[PDB]
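Asker: Structure provided below as structure tokens; questions to follow.
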Amino acid sequence: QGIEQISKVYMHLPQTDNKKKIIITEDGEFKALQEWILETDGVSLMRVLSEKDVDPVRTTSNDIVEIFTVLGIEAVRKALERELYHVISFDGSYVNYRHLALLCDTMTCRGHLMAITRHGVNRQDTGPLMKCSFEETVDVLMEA
Amino acid sequence: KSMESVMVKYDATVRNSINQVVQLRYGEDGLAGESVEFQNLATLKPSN
Amino acid sequence: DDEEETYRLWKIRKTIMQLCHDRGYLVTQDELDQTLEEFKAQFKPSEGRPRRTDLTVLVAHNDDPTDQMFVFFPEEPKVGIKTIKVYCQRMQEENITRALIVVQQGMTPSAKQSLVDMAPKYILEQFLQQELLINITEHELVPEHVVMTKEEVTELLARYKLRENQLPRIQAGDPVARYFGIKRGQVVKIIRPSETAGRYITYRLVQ
Amino acid sequence: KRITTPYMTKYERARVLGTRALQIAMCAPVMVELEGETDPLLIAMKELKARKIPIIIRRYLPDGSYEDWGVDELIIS
Amino acid sequence: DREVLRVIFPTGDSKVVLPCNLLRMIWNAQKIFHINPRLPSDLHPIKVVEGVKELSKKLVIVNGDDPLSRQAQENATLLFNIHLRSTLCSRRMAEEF
Amino acid sequence: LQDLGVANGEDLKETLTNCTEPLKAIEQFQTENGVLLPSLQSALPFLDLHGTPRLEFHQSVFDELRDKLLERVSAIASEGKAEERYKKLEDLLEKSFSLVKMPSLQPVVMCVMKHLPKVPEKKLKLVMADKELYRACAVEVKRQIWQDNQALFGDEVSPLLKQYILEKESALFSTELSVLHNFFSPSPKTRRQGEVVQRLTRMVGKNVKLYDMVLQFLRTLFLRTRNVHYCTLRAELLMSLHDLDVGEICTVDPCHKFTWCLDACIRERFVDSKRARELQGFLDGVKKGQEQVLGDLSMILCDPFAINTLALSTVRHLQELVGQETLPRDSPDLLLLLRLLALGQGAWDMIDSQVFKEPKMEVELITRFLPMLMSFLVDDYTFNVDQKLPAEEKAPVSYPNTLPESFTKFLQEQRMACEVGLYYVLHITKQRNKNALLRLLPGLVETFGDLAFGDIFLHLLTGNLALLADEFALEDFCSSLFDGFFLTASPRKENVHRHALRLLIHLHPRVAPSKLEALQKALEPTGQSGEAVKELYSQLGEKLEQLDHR
């Protein structure tokens, strides 16, 4: 039984409000509910989302290319923003959101995951001299 | 080097060297990061 | 398993009704709200009512009553060219250009090539059975997507003095792009909440 | 039929002051009455407050067009 | 506006980042003009409503009059306009400030 | 009041006057004319002890319990049996019809009537005869009256139709010259949000009889006034009804499925082959003994935007067929377009006398006129390819600007050839080729039914002249437009004079003042024309004044 690639599932209740289930009561008040959430060690998101009695709204992943192949480029933009915010604000350090938004928009501007590494950025269309100044000067120059 | 040339153009849009729109307004609001500051929305939390 | 197969097919049909409604096609309200018990009552879940031929639906567009679409569920695990031509003869009989084919697990590479071949005269889209078990647009990460009309795109480019090359892009094989059936040259208006402006409306050109 | 902001940007202020200070340093005629002023930059800032600098800023929009703004027309922020 | 904020902030976090610190400016106004909060005030509520409307017009991120640019303008300053109307509502002006 | 034996001010008068005893009389009145309940009979002296008038109490409880009247009739609207509903509504109706004369109790009667689909005839009559009642009554009573009273339904449609024709005249003659905006710019939905069609749909509700009365009104209006606009309104009303999902009218009108294309076909302003096949099937479905709908269909096809759709589809068909080496005869789609256009153009002939036979086409249209259009176009593209090919020596030959006159004969003897040639002229103006333009500009002067001089082509030509805004720099071109073509029908037709005058309004800065004054003097109103041309002349004089200062 089970779904392949998922070798360990930990079950726990959240102690942070961001993971708690915030609902709006009948009086318009925010109530945070303790709900069981399962954190895995593998990734197969389409199968888990299809699975019975799994909330296919808030169920997410920390793997970006899974979100891309499963959900789409805009879901990738949001999830990437959320992961960058998480890793930055883990140590209580605040960065203005517009910088994160600009980075995630730049990466996802071309409708596909454009990695900051030389492959993604030099793959993307820029001037020859700019790609030269990046890295990989000679081969860029030879192709140009 | 990924975000070298991304600039706020004179039509208030954020574009790269290729003149491709990255954001229609900077930070989705067009506001610089210095003058903004933390505040509270008074009507969010209170009951009906 | 005979037990869960009607549940699976019911959720697939629910996703397809939600899709066709989002594509503008006329879907009756109860079809979008059909329960599993209602689904079973509508027709044994296997060998008495699995019939992937019978589940095939025909829907009509609300902007044109003759613009119609077929959803076809083939009964084989891998669909071959002869099934593609069977559905082509079906379309020619009803004169419906656009069609949708579900796929149980996989599709023959030759059948991909035939799908690419008959694209201009007949727009048929394939979809894995696994993908349709959830409507991805309900996911919190997926923002609101709208397909713009041509006059809207021209007004947009005229307002911002833009060329379509300068817009952000979206691949035509994107799950949301496939969900809406958009093709290259279409423009998608994406509406999403923003923590600094409230709402943000961006645009993406299909590629 | 102008769409750019009516406010002089920080970079516009910087370049205008530098250019006008260079002009004043090159014995250009001064467009404001000055008293005990020798540094070109102070005279340029006095002209800027006076809105008497004789410069037009050409702002290029990202479509190959432009708008020409007299410096007196812009709001000195 | 409250319902809109409930949509935008489902977590119920009131902490937000905005250009103009409205409470501090109100306090600055109170101290500049020596506003005694123990006495009735001479500010008409309808003046508050009309003034906040004209101010909302005066704050422009996207300039234009076609539906596209107007919608973009209303979306760009949606959150700040919600905060402005909530903060400078006539009730709080007549009671708190 | 006295209908139900209730004492009124007349009773108070006869009990007050000729009475040496006012005091016991008013006392017994105020006691026996109070509120019927024992708690109040204890509380009324106490209530009144504070100087509190009984007025405030009476008014407040009257308003509250009258709101309860409105709420309870709204609730019983769809509660339980219809028999119980309509029985209680009829009872309260007869009770408060005594009090319908009053200003405070008439809304009770009207709310009851609003919840009644059909009503006793005497109440309907008294609602009609008393103008205060009818002006105070909602349309629920009025639909029922109109179902047996065609006169007032005509009276109500008449001002709406009058303002519709006034707005149509203003839009067809609105002074602004632009390829972008014109009379044919707005979408079908934008033209269907007009108050007239929405009010008429409300006034018809879901009754076929009122629809048939609207139909006969539209027939009379389009025929006796010879104005196609009513036809468009008919189609709008029908498509508006389809938006309301009134199956009582969608499933009875056979031209409703025709309106499926015609709306989808006007919003594109082009008939694709699929919707062409749809229209073919609809025409083939017309059986014998029900061919009157063909007249309706011709009326439905007499819409100006439908004419624009069909003409542009034919013009673009012939434009694209040249690359395929296909003649107009070699295009069954184009034959179907010509069939439908012929059936549409004779629509007023089908209303004037009930003609349910198809009008016939011209052979020389297929073999001479349209092949002459295609003659001019393929020579056009030939000299274009030659210009794009190098090595042209000194003194190159111009494009042949001679005109075959059988072409112009078909323009001036065949309304279909006339209008398709007009839309061809507009299309090449959008292409703005001066050579072919001045080649065919002669012969357009004499054309069939003054269609070259009608509102449609003149408005569209003036809209397309924005693309030719700078082309007025040549006095020869300006004379070709003005002295050649426009001014022939200016002094004899009002619309032509107005269209030339508004052309001068827009193009005054892009011509030398000598020619501007020449065209101004040539466009003097004839001494009997409408206010439009003289107002445009005053604007011309003002503009000529303003040009000398720039």
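Identifiers in the structure tokens: chain A, B, ... in order shown; residue index from 1 per chain; ligand index from 1 in order shown.
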Leaving out stretch 48-57 of chain D and any residue of its chain fewer than 4 positions from it, which residues lie within 12 Å of it when counting only C-alpha atoms, given as number ranges by chain?

Answerer: D: 4, 6-9, 11-21, 23-24, 28-34, 41-44, 66-77

Asker: Can you write just those residues out, N, CA and C atoms, as a compact mmCIF listing (two decimals), in the first residue's frame?

Answerer:
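Heads up, here's the output in selection-v6.txt:
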# COMPACT_ATOMS: atom_id res chain seq x y z
N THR D 4 4.05 60.93 -17.96
CA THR D 4 5.05 60.78 -16.92
C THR D 4 4.68 61.61 -15.69
N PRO D 6 4.59 64.32 -12.78
CA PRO D 6 5.02 65.73 -12.75
C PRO D 6 6.14 66.03 -11.77
N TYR D 7 6.57 65.05 -10.97
CA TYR D 7 7.62 65.25 -9.99
C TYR D 7 8.98 64.92 -10.59
N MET D 8 9.93 65.83 -10.43
CA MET D 8 11.32 65.54 -10.77
C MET D 8 11.80 64.37 -9.92
N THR D 9 12.39 63.37 -10.58
CA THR D 9 12.93 62.23 -9.86
C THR D 9 14.26 62.60 -9.20
N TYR D 11 17.07 61.10 -9.60
CA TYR D 11 18.15 61.00 -10.58
C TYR D 11 18.13 62.22 -11.50
N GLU D 12 16.93 62.70 -11.83
CA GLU D 12 16.80 63.93 -12.60
C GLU D 12 17.38 65.12 -11.85
N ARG D 13 17.08 65.23 -10.55
CA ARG D 13 17.66 66.30 -9.74
C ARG D 13 19.18 66.21 -9.73
N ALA D 14 19.71 64.99 -9.54
CA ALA D 14 21.15 64.81 -9.46
C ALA D 14 21.83 65.23 -10.76
N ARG D 15 21.34 64.74 -11.90
CA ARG D 15 21.99 65.05 -13.16
C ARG D 15 21.82 66.52 -13.52
N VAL D 16 20.65 67.10 -13.25
CA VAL D 16 20.41 68.50 -13.57
C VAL D 16 21.36 69.38 -12.77
N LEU D 17 21.50 69.11 -11.47
CA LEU D 17 22.39 69.91 -10.65
C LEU D 17 23.84 69.76 -11.08
N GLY D 18 24.28 68.53 -11.37
CA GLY D 18 25.65 68.33 -11.82
C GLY D 18 25.94 69.04 -13.13
N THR D 19 25.04 68.89 -14.10
CA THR D 19 25.22 69.53 -15.40
C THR D 19 25.22 71.04 -15.27
N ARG D 20 24.30 71.60 -14.48
CA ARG D 20 24.22 73.05 -14.38
C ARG D 20 25.40 73.61 -13.60
N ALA D 21 25.89 72.87 -12.59
CA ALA D 21 27.09 73.29 -11.89
C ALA D 21 28.29 73.29 -12.82
N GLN D 23 28.12 73.81 -16.07
CA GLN D 23 27.93 74.97 -16.94
C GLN D 23 28.35 76.26 -16.25
N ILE D 24 27.93 76.43 -14.99
CA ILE D 24 28.28 77.64 -14.25
C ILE D 24 29.79 77.71 -14.02
N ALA D 28 29.18 80.01 -17.62
CA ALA D 28 27.86 80.19 -18.20
C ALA D 28 27.15 81.34 -17.49
N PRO D 29 26.26 82.08 -18.18
CA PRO D 29 25.48 83.09 -17.46
C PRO D 29 24.57 82.45 -16.43
N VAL D 30 24.46 83.11 -15.29
CA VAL D 30 23.74 82.60 -14.13
C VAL D 30 22.35 83.20 -14.15
N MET D 31 21.34 82.36 -13.94
CA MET D 31 19.95 82.76 -14.13
C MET D 31 19.28 83.18 -12.82
N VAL D 32 20.06 83.46 -11.77
CA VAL D 32 19.55 83.89 -10.48
C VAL D 32 20.57 84.82 -9.85
N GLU D 33 20.09 85.76 -9.03
CA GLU D 33 20.99 86.67 -8.34
C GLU D 33 21.66 85.93 -7.20
N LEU D 34 22.99 86.01 -7.15
CA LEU D 34 23.81 85.31 -6.17
C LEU D 34 24.61 86.32 -5.37
N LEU D 41 28.07 74.41 -7.28
CA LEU D 41 26.96 73.57 -6.83
C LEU D 41 25.94 74.37 -6.02
N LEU D 42 26.41 75.28 -5.16
CA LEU D 42 25.47 76.11 -4.40
C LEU D 42 24.67 77.01 -5.34
N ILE D 43 25.32 77.55 -6.37
CA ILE D 43 24.62 78.41 -7.32
C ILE D 43 23.60 77.58 -8.10
N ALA D 44 23.96 76.35 -8.46
CA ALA D 44 23.03 75.48 -9.18
C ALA D 44 21.81 75.15 -8.32
N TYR D 66 9.07 59.99 -26.45
CA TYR D 66 9.64 60.78 -25.37
C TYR D 66 8.72 61.93 -24.99
N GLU D 67 8.97 62.47 -23.80
CA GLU D 67 8.32 63.68 -23.31
C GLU D 67 9.38 64.67 -22.86
N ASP D 68 9.23 65.92 -23.29
CA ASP D 68 10.16 67.00 -22.95
C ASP D 68 9.52 67.87 -21.87
N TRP D 69 10.21 67.98 -20.73
CA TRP D 69 9.74 68.73 -19.57
C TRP D 69 10.71 69.85 -19.27
N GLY D 70 10.23 71.09 -19.32
CA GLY D 70 10.99 72.18 -18.72
C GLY D 70 11.16 71.93 -17.23
N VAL D 71 12.36 72.23 -16.73
CA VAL D 71 12.66 71.97 -15.32
C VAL D 71 11.75 72.79 -14.41
N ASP D 72 11.38 74.00 -14.83
CA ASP D 72 10.40 74.78 -14.08
C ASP D 72 9.02 74.12 -14.07
N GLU D 73 8.73 73.25 -15.04
CA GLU D 73 7.43 72.58 -15.08
C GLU D 73 7.34 71.48 -14.03
N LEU D 74 8.45 70.81 -13.73
CA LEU D 74 8.44 69.70 -12.78
C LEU D 74 8.40 70.21 -11.35
N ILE D 75 7.87 69.37 -10.46
CA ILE D 75 7.77 69.68 -9.04
C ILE D 75 9.08 69.27 -8.39
N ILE D 76 9.78 70.24 -7.80
CA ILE D 76 11.07 69.98 -7.15
C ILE D 76 10.76 69.40 -5.78
N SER D 77 10.89 68.09 -5.64
CA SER D 77 10.59 67.40 -4.39
C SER D 77 11.83 67.32 -3.50

Asker: Got a sec to pull out which chain D residues are within 10 Å of chain C, counting only C-alpha atoms, and send them as number ranges by chain?

Answerer: D: 61-64

Asker: Hey, list the chain E side of the contact with chain B: 8 Å cut-off, only C-alpha atoms, answer as a ChimeraX atom specification.

Answerer: /E:2,5-6,12-21,61,76-77,83,86-87

Asker: Using the selection just defined, write its residues with N, CA and C atoms as a short mmCIF file (atom, residue, chain, number, x, y, z; two decimals), in the first residue's frame.

Answerer:
data_model
loop_
_atom_site.label_atom_id
_atom_site.label_comp_id
_atom_site.auth_asym_id
_atom_site.auth_seq_id
_atom_site.Cartn_x
_atom_site.Cartn_y
_atom_site.Cartn_z
N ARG E 2 -14.25 45.30 4.47
CA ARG E 2 -13.97 44.27 5.46
C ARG E 2 -14.02 42.88 4.84
N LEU E 5 -10.95 42.37 2.69
CA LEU E 5 -9.77 42.06 3.49
C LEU E 5 -9.82 40.63 4.03
N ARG E 6 -11.01 40.15 4.40
CA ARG E 6 -11.14 38.76 4.81
C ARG E 6 -10.74 37.81 3.69
N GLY E 12 -5.87 36.46 9.01
CA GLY E 12 -6.25 37.44 10.01
C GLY E 12 -5.11 38.24 10.58
N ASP E 13 -4.05 38.47 9.80
CA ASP E 13 -2.90 39.26 10.24
C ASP E 13 -3.16 40.72 9.88
N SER E 14 -3.33 41.56 10.90
CA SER E 14 -3.56 42.98 10.68
C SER E 14 -2.28 43.73 10.31
N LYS E 15 -1.12 43.20 10.68
CA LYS E 15 0.14 43.86 10.36
C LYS E 15 0.34 43.92 8.85
N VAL E 16 0.47 45.13 8.32
CA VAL E 16 0.61 45.37 6.89
C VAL E 16 1.62 46.49 6.72
N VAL E 17 2.07 46.69 5.48
CA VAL E 17 3.09 47.68 5.14
C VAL E 17 2.49 48.64 4.12
N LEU E 18 2.49 49.93 4.44
CA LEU E 18 1.78 50.93 3.66
C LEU E 18 2.57 52.24 3.69
N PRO E 19 2.34 53.15 2.70
CA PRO E 19 3.19 54.35 2.60
C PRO E 19 3.04 55.33 3.75
N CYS E 20 1.81 55.59 4.17
CA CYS E 20 1.48 56.72 5.05
C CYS E 20 0.99 56.24 6.41
N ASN E 21 1.68 56.67 7.46
CA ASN E 21 1.35 56.24 8.82
C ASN E 21 0.20 57.10 9.34
N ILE E 61 -1.80 56.10 -8.82
CA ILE E 61 -0.65 55.31 -9.24
C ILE E 61 -0.66 55.07 -10.75
N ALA E 76 -4.39 49.02 -7.65
CA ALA E 76 -3.07 49.32 -7.10
C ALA E 76 -3.18 49.91 -5.70
N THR E 77 -4.13 50.82 -5.49
CA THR E 77 -4.35 51.49 -4.21
C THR E 77 -5.56 50.95 -3.47
N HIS E 83 -7.51 51.04 4.05
CA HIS E 83 -6.93 51.50 5.31
C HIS E 83 -7.30 52.96 5.58
N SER E 86 -11.03 53.15 6.58
CA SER E 86 -11.22 52.61 7.92
C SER E 86 -10.65 53.54 8.98
N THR E 87 -9.50 54.15 8.72
CA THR E 87 -8.85 55.00 9.71
C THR E 87 -9.55 56.35 9.82
#

Asker: Using only C-alpha atoms, determine which residues lie at most 9 Å from stretch 113-123 of chain A, disregarding the query and same-chain residues fewer than 2 positions distant; provide the list as a list in words.

Answerer: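 After dropping sequence-adjacent residues, the list is residues 64, 65, 68, 73, 76, 106, 107, 108, 109, 110, 111, 125, 126, 131, 134, 135, 136 and 140 of chain A; 1 and 2 of chain B.
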
Asker: Taking the backbone alone, and naming residues the way the document does, which bits of chain A are alpha helix (DSSP H) by DSSP, as a ChimeraX atom specification?

Answerer: /A:45-50,64-70,73-89,97-107,118-123,128-134,137-143

Asker: Could you list the residues in chain E lying within 10 Å of chain D, using only C-alpha atoms, and format the result as a PyMOL selection string?

Answerer: chain E and resi 61-64

Asker: As a PyMOL selection string, please: the residues near stretch 412-419 of chain F (cut-off 9 Å, only C-alpha atoms, same-chain neighbours under 3 positions excluded).

Answerer: chain F and resi 307+311+338+341-342+345+361-362+365+369-370+407-409+422-424+443-444+446-452+457
